[PDB]
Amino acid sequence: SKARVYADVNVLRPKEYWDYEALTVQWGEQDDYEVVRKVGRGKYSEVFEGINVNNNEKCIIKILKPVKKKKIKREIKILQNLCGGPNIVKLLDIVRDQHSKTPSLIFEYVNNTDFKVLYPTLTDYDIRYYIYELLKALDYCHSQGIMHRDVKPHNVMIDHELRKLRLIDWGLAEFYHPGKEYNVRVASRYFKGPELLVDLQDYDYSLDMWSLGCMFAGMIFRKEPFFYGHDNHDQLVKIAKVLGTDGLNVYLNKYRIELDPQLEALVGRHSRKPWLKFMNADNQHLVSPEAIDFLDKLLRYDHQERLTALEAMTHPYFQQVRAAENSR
């Protein structure tokens, strides 16, 4: 399998661009930055609002937990390459603690509104707008030969007052190389594409489009998360129960993939369900025909069938967002 767009970005670019293991970090001054308060945390980092004591400007301080040095150079390189792109969080400095060697990545300040509280209040138009803005981030990183691999609401920071969006946490992102076999243990379970769940390792940018589709579905149907499985096997079951197993067999046959006799027994047999089966009073309107057409074009087993980020941006679902942007 290979990506249908941007397959050659790293083929044409100098090894300097994608050879992150060869990166040698230039450490800044750790004293330039003071923690103000913790604002987030995860398996790989703790995140704080900080202050740059030189200019007294706010910033974000991401303190990295112990991991392989290669993963640290990878995130740094990718952030450097993407810095300046639309709606990509900006890495401004990198520092570390002399004694412990604990590294911290310093980012432009981002003022997040918690998605669990934000999403319920989003209007129809807000959803179209924020998804369009996210799509800019994704087409951009894809055009620069990079897959995010962890698209989920937690990694989409939104300052709703200023209608600003930033795609964050590039700690799982990777460079795309045609034919390369990647680790499938990426992305949060609810947002794992079928390719990850059936061990198709030569995947690409289209992985991010499945994860986006999951986010979108959760938004318009007001179900968080949309595909709610308890482990990876169960996650594939939840997908099969909606998309149907006929399509799954076609997918697996196309890519010559064999399912575990165990996993296969679990998945069983399911008809494809219509997207409107999930419409209800809390969500009936968020679920217009254009929303369903667009969603349906993202949530496809076959990664090669999914809309690209660029295509997605042009779907008529977003026509008003485009019109409003053009008039500016």
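We number the residues from 1 along the sequence you see. What we label the rigid core is the largest C-alpha set whose atoms superpose within 1.5 Å from one form to the other.
Visitor: Consider 243-251 and 96-104 separately and indicate which one has Cα atoms farther, on average, from the shown form in 8 other deposited structures of this protein after rigid core alignment.
Guide: When 243-251 and 96-104 are compared in 8 other deposited structures of this protein, 96-104 lies farther out.
Visitor: In 8 other deposited structures of this protein, superposed by the rigid core, which stretch departs further from the shown form in CA positions, 109-117 or 132-140?
Guide: Of the two stretches, the larger average C-alpha offset in 8 other deposited structures of this protein falls on 109-117.
Visitor: So which stretch wins on mean C-alpha B-factor, 87-95 or 106-114?
Guide: Comparing 87-95 with 106-114, the higher mean C-alpha B-factor belongs to 106-114.
Visitor: If you take the mean CA temperature factor per stretch, which one wins between 174-182 and 252-260?
Guide: Higher of the two, by average CA B-factor, is 252-260.
Visitor: Can you pull the Cα B-factors for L299, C59, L64, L286 from the entry and say which is highest?
Guide: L286 has the highest C-alpha B-factor of those listed.
Visitor: Choose from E224, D139, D204, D124 the residue with the greatest Cα B-factor as stated in the PDB record.
Guide: If I rank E224, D139, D204, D124 by C-alpha B-factor, first place goes to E224.
Visitor: Thinking about Cα B factors across the chain, which third does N55 belong to?
Guide: Tercile = highest for this residue's CA B-factor.
Visitor: Can you tell me which third, lowest, middle or highest, the CA B-factor of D231 falls into for its chain?
Guide: Its C-alpha B-factor belongs to the middle third of this chain's values.
Visitor: How does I72 rank on Cα B-factor within its chain, lowest, middle or highest third?
Guide: Middle third of the chain for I72's C-alpha B-factor.
Visitor: Using only modelled residues of the chain, where does the Cα B factor of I292 rank: lowest third, middle third or highest third?
Guide: According to the entry, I292 has a C-alpha B-factor in the chain's middle third.
Visitor: Lowest, middle or highest third: where is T24 by C-alpha B factor in its chain?
Guide: Its C-alpha B-factor belongs to the highest third of this chain's values.
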